[PDB]
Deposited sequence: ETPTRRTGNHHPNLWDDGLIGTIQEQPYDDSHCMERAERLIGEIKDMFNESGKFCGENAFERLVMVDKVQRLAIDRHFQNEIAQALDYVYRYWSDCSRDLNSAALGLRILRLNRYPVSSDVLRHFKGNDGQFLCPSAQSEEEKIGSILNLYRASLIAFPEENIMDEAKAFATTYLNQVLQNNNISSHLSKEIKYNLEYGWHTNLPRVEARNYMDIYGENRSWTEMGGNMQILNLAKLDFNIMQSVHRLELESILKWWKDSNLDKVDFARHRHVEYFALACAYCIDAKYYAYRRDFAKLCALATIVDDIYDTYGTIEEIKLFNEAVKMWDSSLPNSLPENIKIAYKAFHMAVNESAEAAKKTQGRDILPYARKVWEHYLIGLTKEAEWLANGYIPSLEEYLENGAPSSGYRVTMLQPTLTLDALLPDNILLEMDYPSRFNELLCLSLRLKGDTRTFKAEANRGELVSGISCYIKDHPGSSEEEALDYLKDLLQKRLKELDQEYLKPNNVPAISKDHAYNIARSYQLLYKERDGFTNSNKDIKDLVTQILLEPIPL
């Protein structure tokens, strides 16, 4: 009532309506148009406006799945449908790609395809090979073939500017070091600069909706950011000295996948609890007397609002801030989960502190654990879970304790999410992943240790993806946010260019 819809909102809402009709008109086509509907899903998904079309996408992919044997007629559509159906939790098999594997590990495109068309087919093959489950060797071969092919294309040049952009973006970001709005922001340029694409009927409404949605939500997020800057000053964290301005980066990361304005608690608390978790980790592994690490743990165990009025100011303010943010976040989760969750949340942070303390003792005692023992403790100690649990509970998907146990600790899902952070970090100091491996394998070089931990991460990511897309009673929106937390950390390590991410997501609108 007191605030009107802005001009861009009205325009966006009109475009949403016209595009739903495009989905419905397409579903009125008498005949098998599985590919046409797939490609429309593709566009609205790459541009991260797919949350406005959940019913229409469900209908379109249900139909594509029904006709999967008729839709997978060539390399392009097989690869395109394989990725999109897999990512939307249809049980599709990487076997579809075997129909195109020739000899010498090569994959076959329709002979009549233009050079541009063939490259588009290999790009979708590359894009599909990144969502690989354990022991799908066809995926490893597709990745290898497509990487070689697209690089040779980039070497040989002689291709258009927008298609070269697309190859470069896909080759650089892949899937695990990536996020929806990051892909969307690139495809706004990749599609918008393709004249043939923008003239194809309907595409311009799709692209305009994508730009509009991006600019509309970015200004909601830039506003929310204000309340986070205020919190950084009121909580006196700006004067912790050993801290860092990472709260803005962490906020921008969460904005690149958690979009709707109603989820302001998720974006806020991820930024807060991840900045805090980072600070706590510095206190334990760097700026904290072994006495205070004890008083910290004790304070947490009791849930004191305050540390003893005698400790350093740095440690004292972090604790007070930590205590407050955990409470406020749990208050938010009460409203949406419909119960008390502060008890459970304290246990989550306790398991995190246990993990950090054990690494402190190890350093203090000169003890180098086996790699297996390091990784097991390295999961709680990586801090993934404490940045995931409480913010995810503030979404509007209910998670009763019996459902939570299939997403949170001790589930395989959470474990593979923690390992992704630990192994990625430890491949980017007495007790590390590298050192524990050398202790386990006497005479192993650093090169040999680092090479092993990288393969382990690759295997763990495949397990993660298979576990992520396996169906169960967990609301997908909860799994998706948890999964994208892990990706944001992979992306963060890739970028440590991170200032560009913050500019793109929060500060710089896209011209329409």
| property | result |
| --- | --- |
| Segments lacking C-alpha coordinates (deposited sequence numbering, starting at 1) | 1-25, 454-462, 531-538 |
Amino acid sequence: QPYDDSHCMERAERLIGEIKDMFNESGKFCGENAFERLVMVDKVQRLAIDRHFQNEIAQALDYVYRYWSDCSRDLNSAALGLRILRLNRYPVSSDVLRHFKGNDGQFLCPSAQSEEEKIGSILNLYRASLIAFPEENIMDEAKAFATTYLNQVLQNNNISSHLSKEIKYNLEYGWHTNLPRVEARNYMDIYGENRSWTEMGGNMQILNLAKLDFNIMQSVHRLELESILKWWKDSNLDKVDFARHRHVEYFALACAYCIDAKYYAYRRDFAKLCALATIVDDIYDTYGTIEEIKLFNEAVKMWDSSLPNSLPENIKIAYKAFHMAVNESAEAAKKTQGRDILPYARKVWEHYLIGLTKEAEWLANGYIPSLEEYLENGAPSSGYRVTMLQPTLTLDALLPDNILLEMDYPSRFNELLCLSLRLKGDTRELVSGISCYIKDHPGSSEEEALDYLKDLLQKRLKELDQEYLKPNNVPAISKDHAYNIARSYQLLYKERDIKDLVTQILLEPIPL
From here on, numbers count along this sequence of modelled residues.
{"query": "Higher-B stretch (mean Cα B-factor, as the entry records it), 32-40 or 47-55", "finding": "32-40"}
{"query": "Average Cα temperature factor in the PDB entry - higher stretch of 111-119, 249-257", "finding": "111-119"}
{"query": "Residue of maximum C-alpha B factor among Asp238, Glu415, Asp189, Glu166, per deposited coordinates", "finding": "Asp238"}
{"query": "Criterion, highest CA B-factor; candidates, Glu292, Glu141, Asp269, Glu372", "finding": "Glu292"}
{"query": "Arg127 - Cα temperature factor, lowest/middle/highest third of chain", "finding": "lowest"}
{"query": "Cα B factor band for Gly102 (lowest, middle or highest third within the chain)", "finding": "highest"}
{"query": "Ranked C-alpha temperature factor of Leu492 among modelled chain residues, by third", "finding": "middle"}
{"query": "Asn472 - Cα temperature factor, lowest/middle/highest third of chain", "finding": "middle"}
{"query": "Entry-reported Cα temperature factor of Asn484, expressed as the chain third it lands in", "finding": "lowest"}
